[PDB]
file query.pdb (PDB, C-alpha atoms)
ATOM      1  CA  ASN V   1     -31.134  16.167 -15.421  1.00  0.00           C
ATOM      2  CA  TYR V   2     -28.322  13.728 -14.645  1.00  0.00           C
ATOM      3  CA  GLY V   3     -25.206  12.599 -16.461  1.00  0.00           C
ATOM      4  CA  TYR V   4     -24.234   9.162 -17.690  1.00  0.00           C
ATOM      5  CA  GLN V   5     -24.628   6.440 -15.051  1.00  0.00           C
ATOM      6  CA  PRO V   6     -23.252   2.939 -15.751  1.00  0.00           C
ATOM      7  CA  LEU V   7     -25.363  -0.133 -15.076  1.00  0.00           C
ATOM      8  CA  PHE V   8     -22.904  -2.861 -14.074  1.00  0.00           C
ATOM      9  CA  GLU V   9     -20.372  -0.580 -12.350  1.00  0.00           C
ATOM     10  CA  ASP V  10     -20.363  -0.445  -8.553  1.00  0.00           C
ATOM     11  CA  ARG V  11     -21.738   2.485  -6.555  1.00  0.00           C
ATOM     12  CA  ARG V  12     -18.773   4.835  -6.263  1.00  0.00           C
ATOM     13  CA  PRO V  13     -18.608   8.558  -5.422  1.00  0.00           C
ATOM     14  CA  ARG V  14     -17.664  10.429  -8.592  1.00  0.00           C
ATOM     15  CA  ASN V  15     -18.324  14.152  -7.997  1.00  0.00           C
ATOM     16  CA  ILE V  16     -18.677  16.712  -5.207  1.00  0.00           C
ATOM     17  CA  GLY V  17     -21.571  15.917  -2.869  1.00  0.00           C
ATOM     18  CA  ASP V  18     -21.663  12.127  -3.184  1.00  0.00           C
ATOM     19  CA  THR V  19     -21.635   9.964  -0.065  1.00  0.00           C
ATOM     20  CA  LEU V  20     -19.240   7.314   1.231  1.00  0.00           C
ATOM     21  CA  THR V  21     -19.256   4.951   4.216  1.00  0.00           C
ATOM     22  CA  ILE V  22     -16.132   4.849   6.401  1.00  0.00           C
ATOM     23  CA  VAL V  23     -15.582   1.977   8.847  1.00  0.00           C
ATOM     24  CA  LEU V  24     -13.356   3.198  11.682  1.00  0.00           C
ATOM     25  CA  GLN V  25     -11.164   0.161  12.384  1.00  0.00           C
ATOM     26  CA  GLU V  26      -8.020   1.658  13.916  1.00  0.00           C
ATOM     27  CA  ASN V  27      -5.729  -0.443  16.115  1.00  0.00           C
ATOM     28  CA  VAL V  28      -2.245   0.850  16.996  1.00  0.00           C
ATOM     29  CA  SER V  29       0.021  -0.660  19.657  1.00  0.00           C
ATOM     30  CA  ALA V  30       3.678  -0.027  20.465  1.00  0.00           C
ATOM     31  CA  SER V  31       6.065  -0.546  23.372  1.00  0.00           C
ATOM     32  CA  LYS V  32       9.752  -0.457  24.262  1.00  0.00           C
ATOM     33  CA  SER V  33      11.974  -1.398  27.193  1.00  0.00           C
ATOM     34  CA  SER V  34      15.659  -1.503  28.106  1.00  0.00           C
ATOM     35  CA  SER V  35      17.854  -2.149  31.135  1.00  0.00           C
ATOM     36  CA  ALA V  36      21.485  -2.393  32.209  1.00  0.00           C
ATOM     37  CA  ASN V  37      23.422  -3.619  35.229  1.00  0.00           C
ATOM     38  CA  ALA V  38      26.956  -3.833  36.608  1.00  0.00           C
ATOM     39  CA  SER V  39      28.526  -5.211  39.775  1.00  0.00           C
ATOM     40  CA  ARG V  40      31.967  -5.730  41.296  1.00  0.00           C
ATOM     41  CA  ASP V  41      33.150  -7.104  44.638  1.00  0.00           C
ATOM     42  CA  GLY V  42      36.508  -8.172  46.031  1.00  0.00           C
ATOM     43  CA  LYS V  43      38.046  -9.306  49.302  1.00  0.00           C
ATOM     44  CA  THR V  44      41.633 -10.054  50.334  1.00  0.00           C
ATOM     45  CA  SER V  45      42.977 -11.295  53.655  1.00  0.00           C
ATOM     46  CA  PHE V  46      46.250 -12.470  55.170  1.00  0.00           C
ATOM     47  CA  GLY V  47      47.160 -13.540  58.692  1.00  0.00           C
ATOM     48  CA  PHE V  48      50.114 -14.930  60.623  1.00  0.00           C
ATOM     49  CA  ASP V  49      49.287 -16.876  63.787  1.00  0.00           C
ATOM     50  CA  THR V  50      52.646 -18.242  64.994  1.00  0.00           C
ATOM     51  CA  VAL V  51      55.808 -16.400  63.932  1.00  0.00           C
ATOM     52  CA  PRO V  52      59.129 -18.300  64.126  1.00  0.00           C
ATOM     53  CA  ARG V  53      62.289 -16.881  65.664  1.00  0.00           C
ATOM     54  CA  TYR V  54      64.180 -16.284  62.403  1.00  0.00           C
ATOM     55  CA  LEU V  55      61.150 -14.441  60.951  1.00  0.00           C
ATOM     56  CA  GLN V  56      60.345 -12.621  64.213  1.00  0.00           C
ATOM     57  CA  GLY V  57      62.162  -9.453  63.113  1.00  0.00           C
ATOM     58  CA  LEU V  58      60.125  -9.364  59.909  1.00  0.00           C
TER      59      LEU V  58
ATOM     60  CA  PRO M   1     -47.519 -10.305   4.253  1.00  0.00           C
ATOM     61  CA  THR M   2     -43.778 -10.846   4.371  1.00  0.00           C
ATOM     62  CA  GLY M   3     -41.992 -14.048   5.367  1.00  0.00           C
ATOM     63  CA  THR M   4     -44.378 -16.466   3.654  1.00  0.00           C
ATOM     64  CA  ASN M   5     -42.907 -18.456   0.778  1.00  0.00           C
ATOM     65  CA  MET M   6     -44.193 -18.109  -2.788  1.00  0.00           C
ATOM     66  CA  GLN M   7     -43.445 -20.730  -5.444  1.00  0.00           C
ATOM     67  CA  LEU M   8     -44.434 -19.647  -8.957  1.00  0.00           C
ATOM     68  CA  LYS M   9     -44.275 -21.444 -12.297  1.00  0.00           C
ATOM     69  CA  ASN M  10     -45.862 -18.973 -14.748  1.00  0.00           C
ATOM     70  CA  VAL M  11     -43.772 -15.840 -14.054  1.00  0.00           C
ATOM     71  CA  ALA M  12     -40.361 -15.053 -15.551  1.00  0.00           C
ATOM     72  CA  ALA M  13     -38.146 -12.014 -15.009  1.00  0.00           C
ATOM     73  CA  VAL M  14     -36.928 -10.528 -18.305  1.00  0.00           C
ATOM     74  CA  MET M  15     -34.887  -7.651 -19.691  1.00  0.00           C
ATOM     75  CA  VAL M  16     -36.290  -5.566 -22.554  1.00  0.00           C
ATOM     76  CA  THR M  17     -34.107  -3.834 -25.151  1.00  0.00           C
ATOM     77  CA  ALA M  18     -35.189  -1.334 -27.794  1.00  0.00           C
ATOM     78  CA  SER M  19     -33.760   1.024 -30.409  1.00  0.00           C
ATOM     79  CA  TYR M  20     -34.762   4.685 -30.254  1.00  0.00           C
ATOM     80  CA  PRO M  21     -35.274   5.957 -33.829  1.00  0.00           C
ATOM     81  CA  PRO M  22     -34.179   9.424 -34.987  1.00  0.00           C
ATOM     82  CA  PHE M  23     -36.667  12.332 -34.852  1.00  0.00           C
ATOM     83  CA  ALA M  24     -39.041  10.202 -32.783  1.00  0.00           C
ATOM     84  CA  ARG M  25     -42.452  11.564 -31.806  1.00  0.00           C
ATOM     85  CA  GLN M  26     -44.661  10.536 -28.903  1.00  0.00           C
ATOM     86  CA  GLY M  27     -47.319   8.003 -29.860  1.00  0.00           C
ATOM     87  CA  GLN M  28     -45.168   6.160 -32.407  1.00  0.00           C
ATOM     88  CA  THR M  29     -44.484   2.434 -32.082  1.00  0.00           C
ATOM     89  CA  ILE M  30     -41.178   0.536 -32.080  1.00  0.00           C
ATOM     90  CA  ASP M  31     -40.252  -3.134 -31.808  1.00  0.00           C
ATOM     91  CA  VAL M  32     -38.616  -4.585 -28.689  1.00  0.00           C
ATOM     92  CA  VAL M  33     -36.502  -7.641 -27.875  1.00  0.00           C
ATOM     93  CA  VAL M  34     -37.332  -9.625 -24.723  1.00  0.00           C
ATOM     94  CA  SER M  35     -34.631 -11.806 -23.153  1.00  0.00           C
ATOM     95  CA  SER M  36     -35.075 -13.999 -20.079  1.00  0.00           C
ATOM     96  CA  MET M  37     -32.836 -13.615 -17.033  1.00  0.00           C
ATOM     97  CA  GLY M  38     -32.471 -16.130 -14.221  1.00  0.00           C
ATOM     98  CA  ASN M  39     -33.335 -19.810 -14.714  1.00  0.00           C
ATOM     99  CA  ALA M  40     -36.559 -19.750 -16.721  1.00  0.00           C
ATOM    100  CA  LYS M  41     -37.248 -22.587 -19.154  1.00  0.00           C
ATOM    101  CA  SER M  42     -39.098 -20.982 -22.071  1.00  0.00           C
ATOM    102  CA  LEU M  43     -41.131 -17.898 -22.976  1.00  0.00           C
ATOM    103  CA  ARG M  44     -43.585 -19.704 -25.271  1.00  0.00           C
ATOM    104  CA  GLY M  45     -46.920 -17.889 -25.450  1.00  0.00           C
ATOM    105  CA  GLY M  46     -46.000 -15.316 -22.817  1.00  0.00           C
ATOM    106  CA  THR M  47     -47.293 -11.811 -22.200  1.00  0.00           C
ATOM    107  CA  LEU M  48     -45.123  -8.862 -21.185  1.00  0.00           C
ATOM    108  CA  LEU M  49     -46.561  -6.415 -18.647  1.00  0.00           C
ATOM    109  CA  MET M  50     -45.827  -2.680 -18.421  1.00  0.00           C
ATOM    110  CA  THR M  51     -42.122  -1.863 -18.576  1.00  0.00           C
ATOM    111  CA  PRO M  52     -40.393   1.538 -18.527  1.00  0.00           C
ATOM    112  CA  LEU M  53     -37.573   1.861 -21.048  1.00  0.00           C
ATOM    113  CA  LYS M  54     -34.755   4.134 -19.881  1.00  0.00           C
ATOM    114  CA  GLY M  55     -31.555   5.321 -21.517  1.00  0.00           C
ATOM    115  CA  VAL M  56     -28.198   6.128 -19.957  1.00  0.00           C
ATOM    116  CA  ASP M  57     -29.576   9.361 -18.450  1.00  0.00           C
ATOM    117  CA  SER M  58     -31.882   7.300 -16.142  1.00  0.00           C
ATOM    118  CA  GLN M  59     -34.983   8.946 -17.634  1.00  0.00           C
ATOM    119  CA  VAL M  60     -37.902   7.138 -19.245  1.00  0.00           C
ATOM    120  CA  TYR M  61     -38.493   7.299 -22.996  1.00  0.00           C
ATOM    121  CA  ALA M  62     -40.910   4.465 -23.846  1.00  0.00           C
ATOM    122  CA  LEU M  63     -43.435   2.128 -22.229  1.00  0.00           C
ATOM    123  CA  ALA M  64     -43.554  -1.491 -23.401  1.00  0.00           C
ATOM    124  CA  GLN M  65     -46.417  -3.991 -23.223  1.00  0.00           C
ATOM    125  CA  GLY M  66     -47.446  -6.758 -25.596  1.00  0.00           C
ATOM    126  CA  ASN M  67     -47.242 -10.447 -26.461  1.00  0.00           C
ATOM    127  CA  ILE M  68     -43.986 -12.327 -27.052  1.00  0.00           C
ATOM    128  CA  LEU M  69     -43.642 -14.291 -30.299  1.00  0.00           C
ATOM    129  CA  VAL M  70     -41.329 -17.323 -30.155  1.00  0.00           C
ATOM    130  CA  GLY M  71     -40.592 -19.345 -33.282  1.00  0.00           C
ATOM    131  CA  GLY M  72     -40.561 -22.703 -31.494  1.00  0.00           C
TER     132      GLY M  72
END
call {"tool": "encode", "arguments": {"input": "query.pdb", "output": "structure tokens"}}
result
Amino acid sequence: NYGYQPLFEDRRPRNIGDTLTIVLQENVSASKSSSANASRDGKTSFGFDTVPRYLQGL
Amino acid sequence: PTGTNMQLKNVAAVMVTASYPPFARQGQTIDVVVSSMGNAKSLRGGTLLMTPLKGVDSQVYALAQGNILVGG
């Protein structure tokens, strides 16, 4: 004995024990990236080749 | 064998409908309605072969075979 079964309706599982087809089609992708930078440089210079007489004491 | 083509002109696929009467007994006779499915032209002077008649419970209740009458 079986229950009511429709004619035009598609084959779907309706109770406990019916079968279904599962197509495993998984595709997961993820990524991340980061960066940072810093820089500093300095240079100072002073010279005095020939010193005059009036600045010689200084 | 499979694969070989078959072109037919005298065969038509049909659906058969019938009404189950109350308090029906085995051996009694009922009338049926024969309707063509597909792309057939006419059912003039045709003959219906054996056909199981099932309800919504997918169990047989009647067997149908006879000659189709078309008014024409």
call {"tool": "atom_distance", "arguments": {"input": "query.pdb", "atom1": "CA of residue 23 in chain M", "atom2": "CA of residue 68 in chain M"}}
result
26.9 Å
call {"tool": "resolve_selection", "arguments": {"input": "query.pdb", "expression": "the PyMOL selection byres ((chain V) within 12 of (chain M))", "output": "list in words"}}
result
residues 1, 2, 3, 4, 5, 6, 7 and 8 of chain V
call {"tool": "resolve_selection", "arguments": {"input": "query.pdb", "expression": "the PyMOL selection byres ((chain M and resi 28-32) around 6)", "output": "list in words"}}
result
residues 17, 18, 26, 27 and 33 of chain M
call {"tool": "residues_around", "arguments": {"input": "query.pdb", "residues": "range 36-53 of chain M", "least_positions_apart": "2", "cutoff": "6 Å", "atoms": "only C-alpha atoms", "output": "ChimeraX atom specification"}}
result
/M:13-14,60-68,70
call {"tool": "write_last_selection", "arguments": {"input": "query.pdb", "atoms": "C-alpha atoms", "output": "PDB file, in the frame of the given file"}}
result
ATOM      1  CA  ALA M  13     -38.146 -12.014 -15.009  1.00  0.00           C
ATOM      2  CA  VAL M  14     -36.928 -10.528 -18.305  1.00  0.00           C
ATOM      3  CA  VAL M  60     -37.902   7.138 -19.245  1.00  0.00           C
ATOM      4  CA  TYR M  61     -38.493   7.299 -22.996  1.00  0.00           C
ATOM      5  CA  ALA M  62     -40.910   4.465 -23.846  1.00  0.00           C
ATOM      6  CA  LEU M  63     -43.435   2.128 -22.229  1.00  0.00           C
ATOM      7  CA  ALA M  64     -43.554  -1.491 -23.401  1.00  0.00           C
ATOM      8  CA  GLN M  65     -46.417  -3.991 -23.223  1.00  0.00           C
ATOM      9  CA  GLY M  66     -47.446  -6.758 -25.596  1.00  0.00           C
ATOM     10  CA  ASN M  67     -47.242 -10.447 -26.461  1.00  0.00           C
ATOM     11  CA  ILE M  68     -43.986 -12.327 -27.052  1.00  0.00           C
ATOM     12  CA  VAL M  70     -41.329 -17.323 -30.155  1.00  0.00           C
TER      13      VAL M  70
END
call {"tool": "residues_around", "arguments": {"input": "query.pdb", "residues": "range 40-49 of chain V", "least_positions_apart": "6", "cutoff": "12 Å", "atoms": "all atoms listed in the file", "output": "PyMOL selection string"}}
result
chain V and resi 55-56+58
